[PDB]
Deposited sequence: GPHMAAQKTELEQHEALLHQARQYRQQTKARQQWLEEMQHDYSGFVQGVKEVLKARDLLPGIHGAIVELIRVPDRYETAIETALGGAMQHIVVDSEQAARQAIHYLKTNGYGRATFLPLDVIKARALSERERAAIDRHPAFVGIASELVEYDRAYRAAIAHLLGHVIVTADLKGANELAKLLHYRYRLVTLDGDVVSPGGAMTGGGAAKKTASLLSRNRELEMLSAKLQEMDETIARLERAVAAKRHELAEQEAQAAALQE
C-alpha cells in the first residue's frame, strides 16, 4: 500500500538531489572551460593579443581552431594537418591583416599569420584524384570533410585542408601519396605526415581542438540533465499526489 509508494517517493527525491548537485558540478566545469576559451589560454602571444583586440581592430573573425569542430577520433590528424595554421587568424581582408600586423609591431606584442577571407581560394582534389583514392583501404577522408564549420569559412577551410588526405596508417599515406604523384599532404590518424614530394615526418612523445568539443558536450549534457531534473520533479509531484489522498 503506502509502504511501496513511500519507497518510490524516496528513490525519486534522492535521485533528484543527485541530479541537481551533479548538474551544478557540470555547470562549474562548463564555466571553467568557457573562461579558458575566452581568455585565449593556450594561444601564442601575438595571436592572443590580436583576439583580445577584436573590439578595437577591424575585421577580426577568429583563429582557425575557434572556427572548426572535429570529432575526437580525427583530432590528432587535423591538428597535425594544420600545424601552426591552428592559430592563423581569419580576417575580412588584407587591409585588416595589415592593421593587425601594425598593431602587433607597434606594441611589441609578438607575431601572427592572417587569412584574408575576401581573397583566399578553396583547394580541392580533382574528381579523378578523389576517385583514385577514396576506396583505398587506408583512406579515411579529405581533411576538410572531417571537420565542421560555418559556411562563411568554407573557402578558408578548403584552402587549408581541402587538399590534405587523412589515412589510417603511415604505409597507407605512402601508398596513396604514390597514387597522387606526391602532389599532396597526407596525415595519419596517429599524426605522422607524408608531405608533398615525399618527405615523411613522425615519432611521438591536450589539444586546443578538444575545448569546443568538450564545451558542446557539456552543453548537450546540461540540457539532458535539466530534463532529467524536470522528469524527476514530475515523478516526485506525482507520487506525492496519489499518496496525499
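Residues of the deposited sequence lacking C-alpha coordinates fall in the stretches 1-2, 208-211, 252-261, numbered from 1.
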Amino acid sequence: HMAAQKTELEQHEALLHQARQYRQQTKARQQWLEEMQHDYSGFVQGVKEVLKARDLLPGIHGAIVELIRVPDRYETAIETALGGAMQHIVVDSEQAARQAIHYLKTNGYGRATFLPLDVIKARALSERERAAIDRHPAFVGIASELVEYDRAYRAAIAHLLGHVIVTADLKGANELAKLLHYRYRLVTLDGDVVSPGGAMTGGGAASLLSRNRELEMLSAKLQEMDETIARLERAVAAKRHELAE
From here on, numbers count along this sequence of modelled residues.
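Averaged over CA atoms, B-factors in the entry run higher in 212-220 than in the other of 212-220 and 188-196. For the pair 166-174 and 127-135, the record assigns the higher mean C-alpha temperature factor to 127-135. Comparing the C-alpha B-factors of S144, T76, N107, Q87 in the entry, the top value falls on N107. In the deposited entry, the Cα temperature factor of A206 sits in the top third of values across the chain's modelled residues.
In the PDB entry, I120 places in the middle third of its chain by CA B-factor. Among all modelled residues in its chain, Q45 ranks in the highest third by Cα B-factor.
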